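Below you'll find only one chain, the form deposited in one PDB entry, shown as structure tokens.
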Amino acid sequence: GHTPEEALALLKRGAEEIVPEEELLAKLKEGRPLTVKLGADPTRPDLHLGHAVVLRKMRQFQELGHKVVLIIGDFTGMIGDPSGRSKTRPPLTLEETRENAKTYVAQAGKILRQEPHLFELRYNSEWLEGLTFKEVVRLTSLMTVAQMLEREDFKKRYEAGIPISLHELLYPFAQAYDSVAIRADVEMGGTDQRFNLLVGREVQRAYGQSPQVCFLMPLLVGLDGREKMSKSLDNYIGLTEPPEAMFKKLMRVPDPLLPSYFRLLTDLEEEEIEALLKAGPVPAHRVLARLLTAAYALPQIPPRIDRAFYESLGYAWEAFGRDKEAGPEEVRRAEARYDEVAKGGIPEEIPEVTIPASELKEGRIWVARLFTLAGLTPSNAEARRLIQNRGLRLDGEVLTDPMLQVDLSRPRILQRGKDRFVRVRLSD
């Protein structure tokens, strides 16, 4: 067990801000399970490692005995959180969010404990649909226009002449009322959620509730190296991606992001992180990719993604990435495939596509149209352009003839770029 001070110190690790920090300490001394809120608007399906930053911290709360309330923003997602936005969000239907919501519920359990005393799922439509005009008037009366416009995206858009739809100013009051509805002790979020979390405190005060602690985590940067990991930016690693693909993507995280990936996605000690960085960028990537590929290949990540877990998998810490043959089978194969492809090899397991003979012309298929039929190129023009840039291979050889007519009398291995492969064959 932990004392309240020990609890707070553990929870602080990796956090950007706990505010008011003294209030979390005081709540931790109450000797009761705290209600820890996280909302997520399912505007697109699937969770990624950026979501894992806040969810892993919530798992830490659960391992300390506190209760997570995961709010599916089926109602709020219809609106669109303008936080950080450069322009107004497109609306979605309640049915749209609830289809995406199914993935969130299924995937959240890959990180969160699911025992009821530690976890409860809510849909904010449960209470937001019945909120009446009079109540909305009284809620919005709690803040002024000048106060609302302080939020960075409102200030910048207004000063630049970029439209702000008035309904965007109602969204924070929905999120904040959610905290009243579930009597939140703590609200989790990335740093981008800071303003809405603070409105939560204001609305709770107005409803006579203790104002929640706002618990802010730093944002994981995406694979591009600059922007926050997000679905819209197509720079993300999904929690349910096959180990093969997760391992490859983690190996390609830009080197300057390694410390934050270790701090936000693992529990390694600071000296352990420095030790991996001493070994060098590639060894450090191998350990990161092994830890997380293994953890997310499990049905649920362990309570600690630490050195002990690493060795649990069969790896040796003092090998610093050299022991490639160790580990869970799924991870070992993923790393083996990564290295085989890196050296110019073709993996043995590659997707298969059968081409109907009705596509043949003079008994063959023009190479450009063949790659579009295989799903590797969006258009024949693009296939031609990739050939001009030496981006396509046929049975391992770089294509130099954009007019090549390909013989499919036997299966052929098509390759686009570094590691997209398809074997094509014919069928009547």
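Shifts are known only where both forms have a C-alpha. Take the two forms, superpose them, and find the largest set of C-alpha atoms that agree within 1.5 Å; that set is the rigid core. Numbering starts at 1 and follows the sequence shown.
There is another form of this protein, the form deposited in another entry, and it is not shown here; the text below is about that form.
Asker: Taking the rigid core as reference, which of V54, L49, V36, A383 is displaced at the C-alpha by at least 2 Å between this form and the one not shown?
Answerer: Comparing the C-alpha positions, the one residue that moves 2 Å or more is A383.
Asker: If the two forms are fitted on the core, does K27 show a Cα displacement reaching 2 angstroms between this form and the one not shown?
Answerer: No, because once the rigid core is superposed, the C-alpha of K27 moves less than 2 Å between this form and the one not shown.
Asker: With both forms fit on the core, is the shift of the CA atom of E16 between this form and the one not shown 2 Å or larger?
Answerer: Superposed on the core, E16 moves its C-alpha less than 2 Å between this form and the one not shown.
Asker: After a rigid core superposition, would you say the CA of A7 moves by 2 angstroms or more between this form and the one not shown, or not?
Answerer: No, shifts by less than 2 Å.
Asker: Are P411 and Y338 closer or farther apart at the Cα level in that other deposited form than shown, by 3 Å or more?
Answerer: Note: Cα gap between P411 and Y338 shrinks in that other deposited form.
Asker: What happens to the Cα distance from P411 to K248 in that other deposited form: does it get closer or farther than here, with a change of 3 angstroms or more?
Answerer: Closer, not farther.
Asker: Just the runs, please: which groups of three or more residues in a row shift their CA by 2 Å or more between this form and the one not shown on the core?
Answerer: Shifted runs of three or more residues, which all move 2 Å or more: 97-99, 348-428.
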